[PDB]
Protein chains: 2
Amino acid sequence: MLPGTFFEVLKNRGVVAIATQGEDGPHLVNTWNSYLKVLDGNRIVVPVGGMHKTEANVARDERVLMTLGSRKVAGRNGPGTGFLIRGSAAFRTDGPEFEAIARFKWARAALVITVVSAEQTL
Amino acid sequence: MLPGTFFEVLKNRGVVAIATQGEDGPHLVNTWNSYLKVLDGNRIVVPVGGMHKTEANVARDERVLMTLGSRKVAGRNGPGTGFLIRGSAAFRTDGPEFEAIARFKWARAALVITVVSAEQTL
Ligand SMILES: Cc1cc2nc3c(=O)[nH]c(=O)nc-3n(C[C@H](O)[C@H](O)[C@H](O)COP(=O)(O)O)c2cc1C
Ligand SMILES: Cc1cc2nc3c(=O)[nH]c(=O)nc-3n(C[C@H](O)[C@H](O)[C@H](O)COP(=O)(O)O)c2cc1C
Ligand SMILES: [Cl-]
Ligand SMILES: [Cl-]
């Protein structure tokens, strides 16, 4: 399951990065720390406004990488911390996963990441 | 050159993300906004402590992506903005490129990103 310090990061402001595999190289997009909705112990849901290239990539290769952190959360060896998340992604336009982020009226979909690993990298 | 909004983001707290092409898929690592040093119109330097997998990737494929942002900097549609940087990476252990981040006593190298494009994505 996702660790306690990860939830501490989610209580603080920051830029989340999401990497996917494209045809000619990686792609990299963003969301905000506060926009992530955790379901169960292994699902993270992100509201999707754009992410057209990201969605195309996920459709061909479900594997994604996600990073996030905060200067304001104590890490393993000093001030500040962050995480590398590895997981499989899918997009949903309806159902409970979309409803989890439906408060964002600009959302055309939900990006659902099923987390396989969470590594505290700082 | 890099736009003024980019420099304003650098003056604010945040997590930077750097994506490279690995053999099996993307790799994704981090630094801090305040760690970045802009050398001229199109070079950004990052202090390297770890980044061993990242360095190996860059040796195979120099192309990199970088994202950064801040809630505290104005975007197109209100508060909050960020950037996607596309460029090529090189690692240096001496010269002005290393001297630029030498204040970090833990730095084993400098990661020099030569920016091809900087897109404001919010
Ligand atoms: C700090 C930041 C937060 C962002 N938040 C979102 C978001 O929550 N959802 C979204 O779809 N795009 C968000 N964007 C824009 C995306 O990063 C991306 O540029 C856009 O969705 C287009 O994706 P694509 O290049 O895969 O087509 C954000 C950008 C930044 C810089
Ligand atoms: C918020 C944050 C800031 C980081 N800052 C640096 C940094 O400035 N330089 C560095 O080498 N690694 C930094 N790290 C660790 C790297 O992201 C990465 O995990 C480590 O360098 C190993 O890289 P590699 O997987 O390419 O071997 C930071 C991690 C986080 C979460
Ligand atoms: Cl946030
Ligand atoms: Cl910072």
Side-chain angles (χ1 to χ4, degrees), chain A residues 1-23 25-70 73 82-120, chain B residues 14-15 17 19 25-28 30 65 67-73 75-84 119-122:
Chain A
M1 87 279 281
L2 290 154
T5 301
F6 169 85
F7 292 98
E8 295 301 317
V9 172
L10 293 188
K11 297 174 188 182
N12 286 274
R13 310 291 72 85
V15 175
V16 174
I18 301 160
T20 55
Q21 185 66 66
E23 191 186 348
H27 193 46
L28 188 62
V29 300
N30 300 112
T31 188
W32 297 110
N33 281 196
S34 70
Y35 285 16
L36 304 187
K37 171 68 183 180
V38 178
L39 308 172
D40 298 331
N42 75 161
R43 277 183 299 155
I44 299 173
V45 189
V46 180
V48 174
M51 300 195 189
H52 292 285
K53 290 181 189 171
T54 298
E55 181 179 7
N57 292 351
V58 166
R60 285 142 188 96
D61 182 352
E62 71 177 352
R63 300 169 309 166
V64 300
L65 302 183
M66 175 183 272
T67 58
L68 69 165
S70 174
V73 180
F83 287 87
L84 173 64
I85 306 303
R86 296 175 176 269
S88 288
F91 285 73
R92 294 288 180 270
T93 54
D94 54 54
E97 289 164 336
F98 181 82
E99 288 170 358
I101 55 80
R103 66 179 302 169
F104 301 101
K105 301 311 289 179
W106 47 265
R108 73 176 180 84
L111 167 61
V112 183
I113 299 167
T114 298
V115 178
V116 300
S117 64
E119 186 194 351
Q120 195 177 1
Chain B
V15 177
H27 192 46
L28 189 59
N30 301 111
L65 301 175
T67 57
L68 63 155
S70 178
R71 289 288 206 122
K72 293 171 85 279
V73 180
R76 286 184 290 262
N77 301 117
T81 196
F83 290 87
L84 173 65
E119 178 186 2
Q120 189 186 322
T121 49
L122 187 67

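Each chain gets a letter, A, B and so on, in the order its sequence line appears, and its residues count up from 1.
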As a quick check of understanding, evaluate side chain to side chain contact (heavy atoms under 4.5 Å, CB included) for A:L68 and B:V15, giving each step before the final call.
CA-CA 7 Å; A:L68 69 165; B:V15 177; over 6 Å; no

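- From A:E119, atom CD reaches atom CD1 of A:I85 across 9.5 Å, with rounding to the nearest 0.5 Å.
- Across all their heavy atoms, A:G69 and A:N33 have their closest contact at O-OD1, 3.4 Å.
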What do the steps show when you test B:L122 against A:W32 for side chain to side chain contact (heavy atoms under 4.5 Å, CB included), and what is the final call?
CA-CA 11 Å; B:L122 187 67; A:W32 297 110; 3.5 Å; yes

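- Between the CD atom in A:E8 and the OG atom in A:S70 there is a gap of 10.0 Å [rounded to 0.5 Å].
- Of the possible polar contacts, one joining the A:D61 side chain to the A:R63 backbone as a donor-acceptor pair under 3.5 Å is found.
- Closest non-hydrogen pair, A:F6 versus A:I44, comes out as CZ-CD1, 3.7 Å.
- A:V112 places none of its side-chain heavy atoms less than 4.5 Å from the side chain of A:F91.
- A donor-acceptor pair is defined here as one N or O able to donate and one able to accept, closer than 3.5 Å; such a pair exists between the side chain of B:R76 and the backbone of B:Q120.
- A:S34 contributes atom OG, which lies 5.0 Å from atom CZ of A:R13 (distance to the nearest 0.5 angstrom).
- Side-chain atoms of B:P79 and B:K72, non-hydrogen and from C-beta on, never get closer than 4.5 Å to each other.
- Contact check for A:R43 versus A:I113: no side-chain heavy atoms found under the 4.5 Å cut-off.
- Across A:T67, A:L2, A:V9, a single residue satisfies side chain to side chain contact (heavy atoms under 4.5 Å, CB included) together with A:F83, and that is A:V9.
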Step by step, work out the side chain to side chain contact (heavy atoms under 4.5 Å, CB included) result for A:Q21 and A:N57.
CA-CA 6 Å; A:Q21 185 66 66; A:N57 292 351; 5.8 Å; no

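- The two residues B:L65 and A:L28 make their nearest non-hydrogen contact at CD1-N, 3.7 Å.
- Looking at A:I18 and A:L111, their side chains come closer than 4.5 Å, going by heavy atoms from C-beta outward.
- Side-chain contact annotation: B:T81 with B:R71, donor-acceptor N/O pair under 3.5 Å absent.
- Looking at heavy atoms from C-beta onward, A:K53 lies out of side-chain contact with A:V29 at the 4.5 angstrom threshold.
- Each side chain to side chain donor-acceptor pair (under 3.5 Å) pair with one or both residues in residues 101-113 of chain A, not counting sequence neighbours, appears once here: A:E55-A:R108.
- Put simply, the side chain of A:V16 does not reach to within 4.5 Å of the side chain of A:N30, judged on heavy atoms.
- None of A:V115, A:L36, A:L84 except one satisfies the side chain to side chain contact (heavy atoms under 4.5 Å, CB included) rule with A:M66; the exception is A:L36.
- Using a 4.0 Å cut-off between charged side-chain N and carboxylate O, A:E97 and A:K37 make no salt bridge.
- The two residues A:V64 and A:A89 make their nearest non-hydrogen contact at CG1-CB, 3.7 Å.
- A heavy-atom distance below 4.5 Å is found between the side chains of A:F7 and A:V38.
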Show your reasoning for whether side chain to side chain contact (heavy atoms under 4.5 Å, CB included) applies to A:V73 and A:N12.
CA-CA 8 Å; A:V73 180; A:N12 286 274; 3.4 Å; yes

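- A:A110 and A:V48 make their closest contact through C-CG2, 4.0 Å (heavy atoms, listed as atom of the first residue, atom of the second, distance).
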